[PDB]
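**Student:** Provided herewith is a single structure, encoded as structure tokens, for subsequent inquiry.
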Amino acid sequence: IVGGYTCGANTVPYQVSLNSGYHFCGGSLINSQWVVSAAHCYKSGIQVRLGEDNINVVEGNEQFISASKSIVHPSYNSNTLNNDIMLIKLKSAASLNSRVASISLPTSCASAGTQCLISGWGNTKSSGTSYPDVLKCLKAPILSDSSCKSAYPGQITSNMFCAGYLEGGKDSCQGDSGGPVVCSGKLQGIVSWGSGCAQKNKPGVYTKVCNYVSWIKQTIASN
Ligand SMILES: [Ca+2]
């Protein structure tokens, strides 16, 4: 997160870190046994780390649980990043509490102008590299479909939306991928892509979660 703020420990209780020896992507806990993340975050050997603030210190609220199964969206295209969504089942159910909690799925899509909370352990510089140890947050609005498409000609599908600031300086970044965009208490996006980070006229692009709720629910029901 570029241009954000320190969230506070366990104030984003659905935020997870995906770990393969090191943090490499975020994710969102959607029930005791399932995480949603970005398909471009897929790898084997994932440990899901819940209840994290400092990803380099054991602080006392962590739950570390191996993935038992990963499911990349059937229509994920890694070239275009269309359908940049994947589900991860945990080998055991998380113990839900005040600091480890699921986030609601949307019942309807969000609109342009809605403020959202984006979070992650990604890069904090736009012309540099600095990775935080503690969770960073950004409040950002959803941008209109027309401004999103104008920012990124020929690249925005109906499964993507833009959020952030066309002026630059405030965005998600490398290492935030897969993490949440929550608007009025609903998971509306997944950190997906963008040109650089926090660049003028190049807002963040997010997977449009509301298009996938049917798939999510049926997949959970059968796995
Ligand atoms: Ca920790």
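Residues are referred to by chain and number: the chain letter is A, B, ... according to the order shown in the structure tokens, the number counts from 1 in that chain, and ligands are numbered separately from 1 in the order shown.
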Applying 10 Å and only C-alpha atoms, which residues near region 13-21 of chain A remain after dropping the ones on its own chain fewer than 6 positions away? List them as a ChimeraX atom specification.
**Tutor:** /A:27-31,35-37,41-53,55,63-64,66-67,96-104,118-121,135,175-176,178-180,187
**Student:** As a list in words, please: every residue in region 27-186 of chain A that a backbone DSSP assignment puts in helix (DSSP H, G or I).
**Tutor:**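 The residues of region 27-186 of chain A classed as helix (DSSP H, G or I) are residues 39, 40, 41, 145, 146, 147, 148, 149, 150 and 151 of chain A.
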**Student:** Please report the interatomic distance between CA of residue 168 (chain A) and CA of residue 197 (chain A) in Å with one decimal.
**Tutor:**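 One can read the CA of residue 168 (chain A) to CA of residue 197 (chain A) distance as 8.4 Å.
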**Student:** Which one of A:112, A:134, A:93, A:190 sits closest to ligand 1 if you count only C-alpha atoms and all ligand atoms?
**Tutor:** A:134
**Student:** Need to verify the contact set: residue 153 (chain A), 12 Å, only C-alpha atoms, exclusion of same-chain residues closer than 6 positions in sequence. Can you return it as a PDB file with N, CA, C and O atoms, in the first residue's frame?
**Tutor:**
ATOM      1  N   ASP A 145     -16.821   3.223 -14.346  1.00  0.00           N
ATOM      2  CA  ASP A 145     -16.402   2.331 -15.404  1.00  0.00           C
ATOM      3  C   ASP A 145     -15.778   3.134 -16.536  1.00  0.00           C
ATOM      4  O   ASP A 145     -14.757   2.724 -17.074  1.00  0.00           O
ATOM      5  N   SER A 146     -16.321   4.309 -16.873  1.00  0.00           N
ATOM      6  CA  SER A 146     -15.777   5.072 -17.992  1.00  0.00           C
ATOM      7  C   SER A 146     -14.373   5.607 -17.683  1.00  0.00           C
ATOM      8  O   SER A 146     -13.467   5.509 -18.554  1.00  0.00           O
ATOM      9  N   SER A 147     -14.127   6.053 -16.431  1.00  0.00           N
ATOM     10  CA  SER A 147     -12.807   6.574 -16.125  1.00  0.00           C
ATOM     11  C   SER A 147     -11.804   5.421 -16.031  1.00  0.00           C
ATOM     12  O   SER A 147     -10.628   5.602 -16.358  1.00  0.00           O
ATOM     13  N   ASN A 201      -3.039   8.781 -13.270  1.00  0.00           N
ATOM     14  CA  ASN A 201      -3.917   8.271 -14.325  1.00  0.00           C
ATOM     15  C   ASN A 201      -3.860   6.754 -14.493  1.00  0.00           C
ATOM     16  O   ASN A 201      -4.305   6.232 -15.516  1.00  0.00           O
ATOM     17  N   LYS A 202      -3.293   6.059 -13.505  1.00  0.00           N
ATOM     18  CA  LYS A 202      -3.167   4.602 -13.535  1.00  0.00           C
ATOM     19  C   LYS A 202      -3.630   4.040 -12.193  1.00  0.00           C
ATOM     20  O   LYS A 202      -2.824   3.617 -11.344  1.00  0.00           O
TER      21      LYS A 202
END
**Student:** Need the shell around residue 199 (chain A): protein/DNA/RNA residues with any atom at most 12 Å away, counting only C-alpha atoms. Skip same-chain ones fewer than 4 positions apart. Format as a PyMOL selection string?
**Tutor:** chain A and resi 2-3+125-127+151+164-173+194-195+203-204
**Student:** For residue 181 (chain A), work out the shell of residues within 10 Å, counting only C-alpha atoms and skipping chain neighbours fewer than 5 positions away, then give it as a PyMOL selection string.
**Tutor:** chain A and resi 28+115-119+138-140+142+163+186-191+206-209
**Student:** Mind writing the picked residues with C-alpha atoms as a PDB file, in the first residue's frame?
**Tutor:**
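Result file follows (out25.pdb):
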ATOM      1  CA  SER A  28      -9.661 -12.679   2.672  1.00  0.00           C
ATOM      2  CA  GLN A 115     -15.502   4.424  -0.193  1.00  0.00           C
ATOM      3  CA  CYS A 116     -13.660   1.180   0.461  1.00  0.00           C
ATOM      4  CA  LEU A 117     -10.868  -0.122   2.658  1.00  0.00           C
ATOM      5  CA  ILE A 118      -7.927  -1.777   0.911  1.00  0.00           C
ATOM      6  CA  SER A 119      -5.242  -3.453   3.001  1.00  0.00           C
ATOM      7  CA  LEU A 138      -5.947   2.762   2.371  1.00  0.00           C
ATOM      8  CA  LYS A 139      -9.397   4.280   2.098  1.00  0.00           C
ATOM      9  CA  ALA A 140     -10.273   4.729  -1.568  1.00  0.00           C
ATOM     10  CA  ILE A 142     -14.556   3.105  -6.572  1.00  0.00           C
ATOM     11  CA  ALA A 163     -10.540   2.179  -7.291  1.00  0.00           C
ATOM     12  CA  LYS A 186     -18.765  -6.431   2.094  1.00  0.00           C
ATOM     13  CA  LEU A 187     -15.886  -7.920   0.105  1.00  0.00           C
ATOM     14  CA  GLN A 188     -16.311  -6.162  -3.252  1.00  0.00           C
ATOM     15  CA  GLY A 189     -12.829  -6.497  -4.697  1.00  0.00           C
ATOM     16  CA  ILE A 190      -9.565  -8.385  -4.809  1.00  0.00           C
ATOM     17  CA  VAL A 191      -6.266  -6.580  -5.388  1.00  0.00           C
ATOM     18  CA  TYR A 206      -9.576  -5.021  -8.767  1.00  0.00           C
ATOM     19  CA  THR A 207     -11.442  -8.255  -9.388  1.00  0.00           C
ATOM     20  CA  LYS A 208     -15.222  -7.556  -9.219  1.00  0.00           C
ATOM     21  CA  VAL A 209     -16.227 -10.048  -6.502  1.00  0.00           C
TER      22      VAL A 209
END
**Student:** When you look at residue 123 (chain A) with a cut-off of 6 Å (counting only C-alpha atoms), what residues show up, excluding the ones that are within fewer than 4 positions of it in the same chain? I need them as number ranges by chain.
**Tutor:** A: 1, 130-131, 173-174
**Student:** Since we have the selection now, will you write its residues out, keeping C-alpha atoms, as a PDB file, in the first residue's frame?
**Tutor:**
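Done, and the output landed in again_17.pdb:
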ATOM      1  CA  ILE A   1       0.000   0.000   0.000  1.00  0.00           C
ATOM      2  CA  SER A 130      10.076  -0.812   1.047  1.00  0.00           C
ATOM      3  CA  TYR A 131       8.016  -3.677   2.486  1.00  0.00           C
ATOM      4  CA  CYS A 173       1.014  -2.387  -4.940  1.00  0.00           C
ATOM      5  CA  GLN A 174       3.129  -5.534  -5.398  1.00  0.00           C
TER       6      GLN A 174
END
**Student:** Run DSSP on the backbone and give me the residues of region 4-143 of chain A it puts in strand (DSSP E), as a PyMOL selection string.
**Tutor:** chain A and resi 5-6+15-19+23-31+34-37+47-50+63-72+86-90+115-120+136-141
**Student:** Would you mind telling me which residue in A:32, A:222, A:54, A:214 lies nearest to residue 7 (chain A) when using only C-alpha atoms?
**Tutor:**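 Among the listed residues, the smallest separation from residue 7 (chain A) belongs to A:54.
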**Student:** Do you have the CA of residue 198 (chain A)-CA of residue 10 (chain A) distance handy?
**Tutor:** 25.4 Å
**Student:** Grab the CA of residue 88 (chain A) to atom 1 (Ca, counted along the ligand's line) of ligand 1 distance for me, in Å with one decimal place.
**Tutor:**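 For CA of residue 88 (chain A) relative to atom 1 (Ca, counted along the ligand's line) of ligand 1, the distance reads 20.6 Å.
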**Student:** Pick out the closest residue to ligand 1 from this set: A:133, A:75, A:68, A:149. Count only C-alpha atoms and all ligand atoms.
**Tutor:**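 Counting only C-alpha atoms and all ligand atoms, the residue closest to ligand 1 is A:133.
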